[PDB]
Amino acid sequence: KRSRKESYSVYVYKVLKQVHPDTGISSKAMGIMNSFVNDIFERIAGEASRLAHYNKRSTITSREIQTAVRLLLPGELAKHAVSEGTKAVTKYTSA
Amino acid sequence: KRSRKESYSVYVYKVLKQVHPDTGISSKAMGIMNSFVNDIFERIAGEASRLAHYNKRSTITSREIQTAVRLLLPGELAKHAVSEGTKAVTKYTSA
Amino acid sequence: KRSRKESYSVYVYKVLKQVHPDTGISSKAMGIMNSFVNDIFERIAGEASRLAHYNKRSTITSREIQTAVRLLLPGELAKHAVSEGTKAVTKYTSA
Amino acid sequence: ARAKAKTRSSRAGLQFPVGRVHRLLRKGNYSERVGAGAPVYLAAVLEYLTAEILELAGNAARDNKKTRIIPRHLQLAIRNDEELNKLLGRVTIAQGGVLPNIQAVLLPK
Amino acid sequence: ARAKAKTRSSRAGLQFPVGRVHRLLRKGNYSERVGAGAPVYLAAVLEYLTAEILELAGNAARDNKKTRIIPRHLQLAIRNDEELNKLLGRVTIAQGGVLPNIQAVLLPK
Amino acid sequence: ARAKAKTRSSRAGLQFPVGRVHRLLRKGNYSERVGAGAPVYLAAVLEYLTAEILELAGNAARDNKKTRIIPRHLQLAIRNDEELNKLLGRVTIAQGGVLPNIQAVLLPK
Amino acid sequence: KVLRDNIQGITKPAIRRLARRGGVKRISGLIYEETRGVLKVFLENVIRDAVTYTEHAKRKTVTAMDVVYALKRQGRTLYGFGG
Amino acid sequence: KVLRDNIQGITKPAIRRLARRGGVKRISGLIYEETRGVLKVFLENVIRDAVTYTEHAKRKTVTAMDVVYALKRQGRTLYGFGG
Amino acid sequence: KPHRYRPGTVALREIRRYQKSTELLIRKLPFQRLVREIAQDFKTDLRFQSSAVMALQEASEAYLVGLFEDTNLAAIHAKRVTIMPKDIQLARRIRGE
Amino acid sequence: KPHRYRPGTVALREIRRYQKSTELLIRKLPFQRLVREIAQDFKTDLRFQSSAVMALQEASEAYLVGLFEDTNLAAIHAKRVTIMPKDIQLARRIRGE
DNA sequence: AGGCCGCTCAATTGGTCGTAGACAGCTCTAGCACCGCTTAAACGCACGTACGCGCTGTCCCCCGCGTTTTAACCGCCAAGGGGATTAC
DNA sequence: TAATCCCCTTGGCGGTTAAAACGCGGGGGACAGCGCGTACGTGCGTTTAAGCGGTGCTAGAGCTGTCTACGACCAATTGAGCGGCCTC
């Protein structure tokens with residue numbers, strides 16, 4: 001065999017079957033969404049590091065991530081992301 | 001009672017009087033210099049972090065910094081900086 | 001059994017490999033370097049001796065050599081020459 | 001005597017790997033400690049964007065009567081969402097093509 | 001009983017702090033570990049860069065018959081150097097104004 | 001017993017021998033007593049001058065697709081610099097040749 | 001204490017002065033309101049980022065460092081204000 | 001061993017087809033050579049960084065992932081080749 | 001007769017006079033009032049460091065100057081000197097706004 | 001009489017087709033040789049993954065099409081249907097290059 | 001500004017301890033080189049036809065040159081907000 | 001997070017033109033209809049090297065064992081470097 005390389009194949013596929021059970025996906029588009037999730041993850045991660053620097057915070061919390069979302073994400077994307085993450089963090093807080 | 005705020009005043013003053021003993025300075029010019037040194041410092045530092053990540057390096061060395069110089073710093077300034085940096089690490093290893 | 005003959009070989013080699021790490025050396029070009037070093041050294045030393053005579057100073061310091069550079073070396077190079085000389089005496093006094 | 005090893009993505013009711021994102025941020029040099037809800041919130045945001053994009057991609061595939069996600073569909077979906085557009089203005093899609101854009105001055109009388 | 005305190009900035013013979021730049025790189029969360037030549041190389045680069053900045057500022061001040069650097073001199077120093085311009089194309093300067101720059105069509109005849 | 005010694009060239013951080021230039025000044029019959037900054041100043045001047053001319057020779061060698069310096073490169077480097085020509089107007093160079101120089105009346109048409 | 005029409009507080013001759021610093025000789029009548037609108041949009045974006053910073057900083061006073069970081073995130077980095 | 005002219009290999013009808021994809025209806029004959037020049041400049045800017053990555057990687061074979069790094073540095077991030 | 005310069009002469013004098021100038025071209029108090037005005041919409045009772053107000057002032061001034069540089073490049077591209085807001089919109093949209 | 005289209009019609013059909021189509025419009029192998037000859041201009045005897053060659057390709061045509069969209073914006077701002085290189089030079093200055 | 005005086009923190013050093021990647025070295029695999037058949041490319045010349053822009057004119061639109069006025073600016077005064085600092 | 005304090009921001013006030021504002025003569029600006037040399041799209045056949053497809057191989061890409069450089073970190077100690085001030 002070879003070394004296992006982490007990718008986002010199965011999670012994107014689960015989410016796809018959540019939104020579209022009936023369809024397929026090309027591997028080229030799959031690599032594009034891998035690049036997408038890695039790129040946006042890097043943008044938000046760097047922005048959260050910037051704000052943790054600005055507030056002199058040694059720890060990046062969901063407050064910082066929410067601030068970075070409100071910075072980068074436009075308008076309704078930002079507020080529904082806030083709603084989704086808030087619902088998720090309440091469910092995880094309630095386990 | 002006050003808290004110290006660190007700035008690069010005395011070093012830029014030193015090298016200014018080294019290269020122009022007769023030349024004065026204004027303080028807001030020094031503010032622009034502080035903004036410059038922090039700006040270029042964070043550019044080079046972020047690029048060095050990127051190169052450490054790309055080549056799976058947990059340690060940022062002079063090779064990373066020189067690579068970042070060839071990337072960001074264009075052309076002639078890059079070659080001069082390489083030259084005095086090579087001199088600088090050389091005399092540093094001899095010291 | 002032979003006797004040592006001194007030259008300026010390794011220093012010009014070091015300087016060339018600093019400014020051009022990949023450039024080679026022909027031996028008679030190196031003879032031109034040794035003769036050039038000896039020639040310019042004798043010119044500046046004679047000028048320093050004459051200035052020491054004319055100011056009745058029995059000691060030739062960096063001021064005499066600086067005057068000699070201002071005299072013999074024409075302009076733009078002489079200005080740069082004063083620049084490394086000032087930086088060198090500063091770093092030598094600091095060391 | 002440990003209980004069942006449950007997954008934090010399902011603890012959030014979500015699909016994106018919470019453990020992977022938290023480990024990446026621990027190894028990404030952004031903060032040495034990461035707040036507990038930070039990767040959960042991040043994965044929720046990532047899944048929300050990914051879900052809406054995949055929904056648009058499936059709808060665009062259905063629009064051109066195809067059943068498979070294509071990078072052309074990704075271009076035609078993301079570049080036609082203006083907030084995703086200025087979210088991703090300087091980002092290139094491989095083999096995505098371009099938006100159908102004719103200037104009205106280029107069209108004949 | 002102890003080695004004499006002789007700083008690494010003096011070891012470089014350079015005025016920029018090896019120690020302060022090193023601690024800002026370590027604190028700046030770029031990697032937990034940093035090679036020894038990295039901050040000395042960086043400080044050499046920074047001090048050299050500021051050296052040509054100070055040269056151009058000095059000649060700009062000497063041109064406008066003032067002995068003191070004003071940010072107008074900084075404007076004239078930065079924007080008249082093509083590599084510095086490529087370094088600082090997107091950088092804004094306080095109270096610097098612009099280059100003396102008129103297009104040829106604006107002149108009479 | 002004894003402090004470990006560095007050369008004064010290393011104390012300057014310059015490649016030219018400060019000690020050798022100092023002894024050739026003291027034994028060259030120019031002054032019986034010599035100030036301390038004089039030989040380091042002169043040695044820095046000489047090293048900078050040789051650095052410039054070696055840079056010029058290296059670029060000239062790269063122009064002629066030759067890896068190694070030749071005295072033809074030295075002749076081209078000296079005679080094509082104005083201030084170096086002022087330094088070496090009366091200096092003869094072994095195996096150097098001359099500049100490629102044809103007067104305008106010598107050329108046809 | 002409420003303010004209503006201070007976009008007109010950036011005066012027409014101030015617009016002319018800025019275009020002189022921009023080197024603009026002749027300025028149409030349609031220019032000024034469009035400049036007001038685009039500067040309004042730019043300011044809205046910048047102080048939106050700055051207000052986000054300030055509420056994330058749990059502060060009430062807008063600071064110039066927040067202005068600096070907001071301009072950095074829009075690729076309009078400013079020197080000379082404590083950055 | 002060496003090659004002297006392959007910038008000609010980015011042919012004139014290829015430029016024409018791209019300008020059709022770019023939406024150009026009429027293309028001057030002066031367009032093609034200067035478009036070759038500016039793409040030449042851009043590819044030099046990219047590949048200089050990519051080579052810098054490559055000897056920073058101690059490799060002799062150029063990979064696509066460093067091309068992605070160089071493009072992301074220059075603000076022209078490409079999706080479809082990462083990892 | 002009173003002295004009258006031809007149209008554009010005083011314009012060019014303003015060109016040279018404000019390129020040599022370094023001072024801010026906006027009145028300070030209405031600009032501060034405007035930033036308080038717009039920021040009150042996003043968050044109530046906001047207070048401003050005056051230095052932050054002049055920072056916004058100078059940054060906005062230079063951003064507008066860069067905008068009019070792009071604009072009059074488009075105008076000399078468009079063989080005009082009377083710039084019109086479509087030039088600014090061209091500069092913005094080619095810049096990506 | 002053999003059939004012939006009026007000018008712009010095949011240009012517009014090509015415009016529509018390659019806006020619809022997504023494929024590369026340049027031959028891959030001369031592009032690869034150009035990549036290698038400019039590689040040896042920086043470092044001789046480099047080897048290139050084919051994926052790197054096509055990745056550099058789609059990056060190149062995307063950059064190009066962005067410049068040509070800006071070129072059409074300038075040309076319609078220059079009130080024209082035929083582009084000239086000064087449009088591209090203008091757009092290159094507008095992007096800050 | 002700058003230069004001088006008082007504080008303080010930071011920067012270093014010696015050692016120590018953990019560890020990172022450089023180096024060697026294998027291996028195996030895709031890039032490279034070579035070879036062969038096909039036809040898209042391409043390109044080049046002819047020609048139809050539309051392009052860019054300028055002359056003249058034409059219509060109108062801010063620019064310049066004032067006067068008036070008013071509130072911005074500057075100087076002065078009172079309030080307290082909150083920001084930052086220390087401790088828990 | 002509590003306290004708090006102090007200093008830095010915010011509101012109020014009195015004049016003062018600086019700045020805005022309004023208006024009017026006027027030259028310039030923008031630019032369209034038509035013209036006119038033009039410059040390039042389009043046809044379409046030909047050439048050739050790209051494209052496809054088919055082989056051989058080892059350069060180096062990538063993976064694996066070592067090992068020593070290599071550098072972070074703590075107590076201490078110092079010396080440079082910043083807060084403060086005043087002054088020419």
# chains A, B, ... in the order shown; residues from 1 in each chain; ligands from 1
>>> residues_around(residues="stretch 69-75 of chain C", least_positions_apart="4", cutoff="10 Å", atoms="only C-alpha atoms (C1' of nucleotides)", output="VMD selection string")
(chain C and resid 40 43 to 44 47 to 48 63 to 65 79 to 82) or (chain F and resid 41 to 42 45 82 to 84 86 to 87)
>>> calpha_fit_and_write(fixed="chain A", moving="chain C", output="short mmCIF file (atom, residue, chain, number, x, y, z; two decimals) with N, CA and C atoms, in the first residue's frame")
data_model
loop_
_atom_site.label_atom_id
_atom_site.label_comp_id
_atom_site.auth_asym_id
_atom_site.auth_seq_id
_atom_site.Cartn_x
_atom_site.Cartn_y
_atom_site.Cartn_z
N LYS C 1 3.26 -1.57 -1.04
CA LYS C 1 3.26 -0.79 0.19
C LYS C 1 3.11 0.70 -0.10
N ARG C 2 2.05 1.31 0.44
CA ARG C 2 1.76 2.72 0.20
C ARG C 2 1.39 3.40 1.51
N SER C 3 1.31 4.73 1.45
CA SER C 3 0.99 5.56 2.61
C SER C 3 -0.34 6.26 2.38
N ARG C 4 -1.12 6.41 3.46
CA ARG C 4 -2.44 7.03 3.38
C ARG C 4 -2.34 8.51 3.05
N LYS C 5 -3.23 8.98 2.18
CA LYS C 5 -3.40 10.39 1.87
C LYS C 5 -4.81 10.80 2.23
N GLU C 6 -4.93 11.81 3.09
CA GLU C 6 -6.23 12.20 3.63
C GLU C 6 -6.90 13.23 2.73
N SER C 7 -8.23 13.15 2.66
CA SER C 7 -9.03 14.11 1.91
C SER C 7 -10.37 14.27 2.61
N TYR C 8 -11.18 15.18 2.08
CA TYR C 8 -12.50 15.44 2.62
C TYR C 8 -13.60 14.72 1.85
N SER C 9 -13.34 13.48 1.42
CA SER C 9 -14.18 12.81 0.44
C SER C 9 -15.55 12.45 1.00
N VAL C 10 -15.57 11.61 2.03
CA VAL C 10 -16.81 10.97 2.45
C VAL C 10 -17.75 11.98 3.09
N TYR C 11 -17.20 13.07 3.64
CA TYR C 11 -18.05 14.04 4.32
C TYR C 11 -18.86 14.84 3.31
N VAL C 12 -18.21 15.29 2.24
CA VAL C 12 -18.92 16.00 1.18
C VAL C 12 -19.87 15.05 0.46
N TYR C 13 -19.48 13.77 0.36
CA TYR C 13 -20.39 12.78 -0.19
C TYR C 13 -21.66 12.64 0.66
N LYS C 14 -21.49 12.58 1.98
CA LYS C 14 -22.62 12.50 2.91
C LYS C 14 -23.51 13.73 2.79
N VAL C 15 -22.89 14.91 2.72
CA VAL C 15 -23.65 16.16 2.66
C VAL C 15 -24.42 16.26 1.35
N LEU C 16 -23.79 15.89 0.23
CA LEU C 16 -24.48 15.90 -1.05
C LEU C 16 -25.63 14.90 -1.08
N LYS C 17 -25.41 13.69 -0.56
CA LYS C 17 -26.51 12.73 -0.53
C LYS C 17 -27.59 13.11 0.47
N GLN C 18 -27.27 13.98 1.43
CA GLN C 18 -28.31 14.57 2.26
C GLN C 18 -29.13 15.59 1.47
N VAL C 19 -28.47 16.45 0.70
CA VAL C 19 -29.21 17.49 -0.01
C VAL C 19 -29.73 16.99 -1.35
N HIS C 20 -29.08 15.97 -1.92
CA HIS C 20 -29.49 15.39 -3.20
C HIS C 20 -29.13 13.92 -3.17
N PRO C 21 -30.07 13.06 -2.76
CA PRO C 21 -29.75 11.62 -2.67
C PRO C 21 -29.46 10.95 -4.00
N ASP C 22 -29.91 11.53 -5.11
CA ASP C 22 -29.79 10.91 -6.42
C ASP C 22 -28.76 11.57 -7.32
N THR C 23 -27.94 12.48 -6.80
CA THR C 23 -26.99 13.21 -7.62
C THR C 23 -25.59 12.62 -7.47
N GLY C 24 -24.93 12.41 -8.61
CA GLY C 24 -23.61 11.81 -8.64
C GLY C 24 -22.48 12.82 -8.57
N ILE C 25 -21.26 12.29 -8.53
CA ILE C 25 -20.07 13.08 -8.23
C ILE C 25 -19.01 12.77 -9.27
N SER C 26 -18.43 13.81 -9.86
CA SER C 26 -17.21 13.65 -10.64
C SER C 26 -16.00 13.94 -9.75
N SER C 27 -14.89 13.26 -10.05
CA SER C 27 -13.75 13.24 -9.14
C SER C 27 -13.04 14.59 -9.08
N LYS C 28 -12.98 15.31 -10.21
CA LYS C 28 -12.29 16.59 -10.20
C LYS C 28 -13.17 17.69 -9.60
N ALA C 29 -14.49 17.53 -9.66
CA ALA C 29 -15.36 18.34 -8.83
C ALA C 29 -15.09 18.09 -7.35
N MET C 30 -14.81 16.84 -6.99
CA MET C 30 -14.45 16.53 -5.61
C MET C 30 -13.09 17.12 -5.24
N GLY C 31 -12.17 17.19 -6.20
CA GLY C 31 -10.92 17.91 -5.96
C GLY C 31 -11.16 19.38 -5.69
N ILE C 32 -12.12 19.97 -6.40
CA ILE C 32 -12.47 21.37 -6.17
C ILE C 32 -13.10 21.54 -4.78
N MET C 33 -13.90 20.56 -4.34
CA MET C 33 -14.38 20.56 -2.95
C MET C 33 -13.26 20.48 -1.93
N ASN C 34 -12.30 19.58 -2.13
CA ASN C 34 -11.21 19.44 -1.16
C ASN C 34 -10.37 20.70 -1.10
N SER C 35 -10.08 21.28 -2.27
CA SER C 35 -9.30 22.51 -2.32
C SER C 35 -10.07 23.69 -1.75
N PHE C 36 -11.39 23.74 -1.98
CA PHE C 36 -12.22 24.79 -1.41
C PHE C 36 -12.29 24.70 0.10
N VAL C 37 -12.45 23.49 0.63
CA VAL C 37 -12.46 23.28 2.08
C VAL C 37 -11.13 23.72 2.68
N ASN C 38 -10.02 23.32 2.05
CA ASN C 38 -8.70 23.70 2.55
C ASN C 38 -8.49 25.21 2.48
N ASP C 39 -8.92 25.84 1.39
CA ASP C 39 -8.76 27.28 1.20
C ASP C 39 -9.53 28.08 2.25
N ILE C 40 -10.82 27.77 2.41
CA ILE C 40 -11.64 28.54 3.33
C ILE C 40 -11.23 28.27 4.77
N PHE C 41 -10.84 27.02 5.07
CA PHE C 41 -10.32 26.68 6.38
C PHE C 41 -9.07 27.49 6.70
N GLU C 42 -8.16 27.62 5.74
CA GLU C 42 -6.94 28.37 5.98
C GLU C 42 -7.23 29.86 6.14
N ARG C 43 -8.17 30.40 5.35
CA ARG C 43 -8.54 31.81 5.48
C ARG C 43 -9.09 32.11 6.87
N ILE C 44 -10.06 31.32 7.31
CA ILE C 44 -10.71 31.58 8.59
C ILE C 44 -9.74 31.31 9.74
N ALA C 45 -8.88 30.30 9.60
CA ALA C 45 -7.89 30.02 10.63
C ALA C 45 -6.86 31.13 10.75
N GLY C 46 -6.42 31.68 9.62
CA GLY C 46 -5.50 32.81 9.67
C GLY C 46 -6.14 34.05 10.26
N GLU C 47 -7.41 34.30 9.92
CA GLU C 47 -8.12 35.43 10.52
C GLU C 47 -8.30 35.24 12.02
N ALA C 48 -8.59 34.01 12.46
CA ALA C 48 -8.71 33.74 13.88
C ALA C 48 -7.39 33.93 14.60
N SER C 49 -6.29 33.52 13.96
CA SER C 49 -4.96 33.74 14.53
C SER C 49 -4.67 35.23 14.67
N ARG C 50 -5.03 36.01 13.65
CA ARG C 50 -4.80 37.46 13.70
C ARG C 50 -5.64 38.12 14.78
N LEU C 51 -6.91 37.74 14.89
CA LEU C 51 -7.78 38.26 15.95
C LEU C 51 -7.28 37.86 17.33
N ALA C 52 -6.77 36.64 17.46
CA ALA C 52 -6.17 36.21 18.71
C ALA C 52 -4.95 37.05 19.06
N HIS C 53 -4.17 37.41 18.04
CA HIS C 53 -3.04 38.30 18.26
C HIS C 53 -3.50 39.69 18.69
N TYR C 54 -4.56 40.20 18.07
CA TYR C 54 -4.92 41.61 18.25
C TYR C 54 -5.62 41.82 19.58
N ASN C 55 -6.34 40.81 20.06
CA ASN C 55 -6.92 40.84 21.39
C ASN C 55 -5.98 40.26 22.43
N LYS C 56 -4.78 39.85 22.01
CA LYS C 56 -3.74 39.27 22.86
C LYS C 56 -4.22 38.00 23.54
N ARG C 57 -5.16 37.31 22.91
CA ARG C 57 -5.70 36.07 23.43
C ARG C 57 -4.91 34.92 22.84
N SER C 58 -4.39 34.05 23.70
CA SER C 58 -3.68 32.89 23.20
C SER C 58 -4.61 31.72 22.92
N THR C 59 -5.91 31.89 23.13
CA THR C 59 -6.89 30.84 22.91
C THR C 59 -7.94 31.33 21.92
N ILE C 60 -8.16 30.56 20.86
CA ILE C 60 -9.17 30.89 19.86
C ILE C 60 -10.42 30.08 20.17
N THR C 61 -11.47 30.76 20.62
CA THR C 61 -12.75 30.14 20.90
C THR C 61 -13.72 30.44 19.76
N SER C 62 -14.98 30.02 19.97
CA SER C 62 -16.02 30.23 18.97
C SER C 62 -16.30 31.70 18.70
N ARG C 63 -15.99 32.57 19.66
CA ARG C 63 -16.18 34.00 19.46
C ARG C 63 -15.26 34.53 18.37
N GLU C 64 -14.01 34.07 18.35
CA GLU C 64 -13.07 34.46 17.31
C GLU C 64 -13.54 34.01 15.94
N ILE C 65 -14.01 32.76 15.85
CA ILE C 65 -14.45 32.24 14.57
C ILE C 65 -15.72 32.96 14.13
N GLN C 66 -16.58 33.32 15.09
CA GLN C 66 -17.79 34.08 14.79
C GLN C 66 -17.45 35.45 14.23
N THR C 67 -16.45 36.10 14.82
CA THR C 67 -15.95 37.35 14.27
C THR C 67 -15.40 37.15 12.87
N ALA C 68 -14.69 36.05 12.64
CA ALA C 68 -14.12 35.77 11.32
C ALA C 68 -15.21 35.55 10.29
N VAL C 69 -16.30 34.89 10.68
CA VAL C 69 -17.43 34.71 9.78
C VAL C 69 -18.09 36.05 9.49
N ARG C 70 -18.22 36.89 10.51
CA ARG C 70 -18.81 38.21 10.31
C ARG C 70 -17.95 39.06 9.38
N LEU C 71 -16.64 38.87 9.43
CA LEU C 71 -15.74 39.61 8.55
C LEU C 71 -15.78 39.05 7.13
N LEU C 72 -15.35 37.80 6.95
CA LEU C 72 -15.15 37.26 5.61
C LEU C 72 -16.47 36.96 4.91
N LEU C 73 -17.37 36.27 5.57
CA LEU C 73 -18.60 35.86 4.89
C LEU C 73 -19.52 37.07 4.78
N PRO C 74 -19.97 37.42 3.58
CA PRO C 74 -20.75 38.66 3.43
C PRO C 74 -22.23 38.44 3.77
N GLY C 75 -22.67 39.05 4.87
CA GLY C 75 -24.07 39.25 5.17
C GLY C 75 -24.97 38.05 5.38
N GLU C 76 -25.78 37.77 4.36
CA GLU C 76 -26.97 36.93 4.51
C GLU C 76 -26.57 35.50 4.87
N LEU C 77 -25.58 34.97 4.15
CA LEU C 77 -24.98 33.68 4.46
C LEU C 77 -24.31 33.69 5.82
N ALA C 78 -23.65 34.80 6.17
CA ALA C 78 -22.98 34.91 7.47
C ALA C 78 -24.00 34.86 8.59
N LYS C 79 -25.17 35.46 8.37
CA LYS C 79 -26.24 35.41 9.35
C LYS C 79 -26.75 33.99 9.53
N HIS C 80 -26.96 33.29 8.41
CA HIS C 80 -27.34 31.89 8.52
C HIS C 80 -26.25 31.05 9.17
N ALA C 81 -24.99 31.39 8.90
CA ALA C 81 -23.82 30.68 9.42
C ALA C 81 -23.75 30.80 10.92
N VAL C 82 -24.04 31.99 11.43
CA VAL C 82 -24.16 32.20 12.87
C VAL C 82 -25.32 31.39 13.42
N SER C 83 -26.40 31.27 12.65
CA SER C 83 -27.53 30.49 13.13
C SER C 83 -27.15 29.02 13.32
N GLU C 84 -26.49 28.38 12.35
CA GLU C 84 -26.22 26.96 12.64
C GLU C 84 -25.12 26.84 13.69
N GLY C 85 -24.22 27.82 13.75
CA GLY C 85 -23.17 27.76 14.74
C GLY C 85 -23.70 27.86 16.15
N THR C 86 -24.66 28.76 16.37
CA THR C 86 -25.27 28.88 17.69
C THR C 86 -26.06 27.63 18.06
N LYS C 87 -26.83 27.10 17.10
CA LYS C 87 -27.61 25.90 17.37
C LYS C 87 -26.69 24.70 17.62
N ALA C 88 -25.55 24.65 16.92
CA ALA C 88 -24.62 23.54 17.05
C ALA C 88 -23.89 23.59 18.38
N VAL C 89 -23.46 24.78 18.82
CA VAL C 89 -22.80 24.84 20.12
C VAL C 89 -23.80 24.58 21.23
N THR C 90 -25.06 24.98 21.04
CA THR C 90 -26.09 24.69 22.03
C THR C 90 -26.32 23.19 22.15
N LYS C 91 -26.44 22.51 21.02
CA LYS C 91 -26.71 21.08 21.07
C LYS C 91 -25.46 20.30 21.48
N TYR C 92 -24.28 20.87 21.25
CA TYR C 92 -23.05 20.21 21.68
C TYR C 92 -22.86 20.33 23.18
N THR C 93 -23.17 21.50 23.75
CA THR C 93 -23.17 21.64 25.20
C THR C 93 -24.26 20.80 25.84
N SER C 94 -25.39 20.62 25.15
CA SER C 94 -26.42 19.73 25.66
C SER C 94 -26.06 18.26 25.49
N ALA C 95 -25.03 17.95 24.71
CA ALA C 95 -24.58 16.58 24.53
C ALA C 95 -23.16 16.41 25.05
#
>>> closest_residue(among="D:49, D:13, D:79, D:30", to="chain B", atoms="only C-alpha atoms")
D:30
>>> atom_distance(atom1="atom CA of residue G:46", atom2="atom CA of residue G:70")
5.5 Å
>>> closest_atom_pairs(of="chain J", to="chain L", cutoff="10 Å", atoms="only C-alpha atoms (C1' of nucleotides)", output="tab-separated table")
residue	atom	partner	partner_atom	distance
J:2	CA	L:43	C1'	9.1
J:3	CA	L:43	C1'	8.9
J:4	CA	L:43	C1'	7.2
J:5	CA	L:42	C1'	7.1
J:6	CA	L:42	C1'	8.1
J:7	CA	L:41	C1'	5.5
J:8	CA	L:41	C1'	6.9
J:9	CA	L:41	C1'	9.2
J:10	CA	L:42	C1'	7.8
J:11	CA	L:41	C1'	7.7
J:27	CA	L:50	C1'	7.3
J:28	CA	L:50	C1'	8.5
J:29	CA	L:50	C1'	7.1
J:30	CA	L:50	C1'	8.4
J:47	CA	L:59	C1'	9.7
J:82	CA	L:40	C1'	9.4
>>> write_last_selection(atoms="C-alpha atoms", output="mmCIF file, in the first residue's frame")
data_model
loop_
_atom_site.group_PDB
_atom_site.id
_atom_site.type_symbol
_atom_site.label_atom_id
_atom_site.label_comp_id
_atom_site.auth_asym_id
_atom_site.auth_seq_id
_atom_site.Cartn_x
_atom_site.Cartn_y
_atom_site.Cartn_z
ATOM 1 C CA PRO J 2 -20.628 29.162 -51.391
ATOM 2 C CA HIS J 3 -21.872 30.200 -47.986
ATOM 3 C CA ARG J 4 -20.053 32.932 -46.061
ATOM 4 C CA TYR J 5 -20.912 34.648 -42.778
ATOM 5 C CA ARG J 6 -20.836 38.365 -42.001
ATOM 6 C CA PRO J 7 -17.963 39.568 -39.752
ATOM 7 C CA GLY J 8 -18.434 39.000 -36.049
ATOM 8 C CA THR J 9 -20.947 36.186 -36.557
ATOM 9 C CA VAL J 10 -18.372 33.397 -36.395
ATOM 10 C CA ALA J 11 -16.609 35.498 -33.768
ATOM 11 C CA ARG J 27 -2.007 23.041 -27.557
ATOM 12 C CA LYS J 28 -0.539 21.380 -24.473
ATOM 13 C CA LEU J 29 2.820 20.238 -25.882
ATOM 14 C CA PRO J 30 4.186 23.601 -27.193
ATOM 15 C CA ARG J 47 11.632 17.925 -14.958
ATOM 16 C CA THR J 82 -11.941 46.270 -31.636
#
>>> interface_residues(of="chain H", to="chain B", cutoff="8 Å", atoms="only C-alpha atoms", output="PyMOL selection string")
chain H and resi 49+52-53+56-57
>>> write_last_selection(atoms="C-alpha atoms", output="PDB file, in the first residue's frame")
ATOM      1  CA  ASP H  49       8.495  31.435  -7.464  1.00  0.00           C
ATOM      2  CA  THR H  52      12.280  28.924  -5.708  1.00  0.00           C
ATOM      3  CA  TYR H  53       9.866  26.497  -4.043  1.00  0.00           C
ATOM      4  CA  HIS H  56      13.570  25.049  -1.382  1.00  0.00           C
ATOM      5  CA  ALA H  57      12.103  21.540  -1.610  1.00  0.00           C
TER       6      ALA H  57
END
>>> residues_around(residues="residue E:75", least_positions_apart="3", cutoff="9 Å", atoms="only C-alpha atoms (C1' of nucleotides)", output="JSON, numbers by chain")
{"E": [57, 71, 72, 78, 79, 80, 93, 95, 96, 97, 98, 99]}
>>> interface_residues(of="chain L", to="chain E", cutoff="9 Å", atoms="only C-alpha atoms (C1' of nucleotides)", output="count of residues only")
6
>>> closest_atom_pairs(of="chain E", to="chain C", cutoff="12 Å", atoms="only C-alpha atoms", output="CSV")
residue,atom,partner,partner_atom,distance
E:6,CA,C:95,CA,9.1
E:7,CA,C:95,CA,10.6
E:8,CA,C:95,CA,11.6
E:9,CA,C:94,CA,10.7
E:10,CA,C:94,CA,7.3
E:11,CA,C:95,CA,8.5
E:12,CA,C:91,CA,9.6
E:13,CA,C:91,CA,5.9
E:14,CA,C:91,CA,8.2
E:15,CA,C:91,CA,9.8
E:51,CA,C:83,CA,11.6
E:55,CA,C:83,CA,11.3
>>> interface_residues(of="chain I", to="chain D", cutoff="12 Å", atoms="only C-alpha atoms", output="ChimeraX atom specification")
/I:93,95-97
>>> write_last_selection(atoms="N, CA and C atoms", output="mmCIF file, in the first residue's frame")
data_model
loop_
_atom_site.group_PDB
_atom_site.id
_atom_site.type_symbol
_atom_site.label_atom_id
_atom_site.label_comp_id
_atom_site.auth_asym_id
_atom_site.auth_seq_id
_atom_site.Cartn_x
_atom_site.Cartn_y
_atom_site.Cartn_z
ATOM 1 N N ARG I 93 -14.921 48.350 -11.322
ATOM 2 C CA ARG I 93 -15.324 47.023 -11.768
ATOM 3 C C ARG I 93 -14.152 46.266 -12.381
ATOM 4 N N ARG I 95 -11.117 46.894 -11.271
ATOM 5 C CA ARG I 95 -10.494 46.557 -10.000
ATOM 6 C C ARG I 95 -11.242 45.439 -9.288
ATOM 7 N N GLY I 96 -12.531 45.275 -9.574
ATOM 8 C CA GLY I 96 -13.290 44.199 -8.979
ATOM 9 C C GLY I 96 -14.288 44.629 -7.938
ATOM 10 N N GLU I 97 -14.962 45.755 -8.142
ATOM 11 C CA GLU I 97 -15.936 46.234 -7.173
ATOM 12 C C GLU I 97 -17.349 46.185 -7.746
#
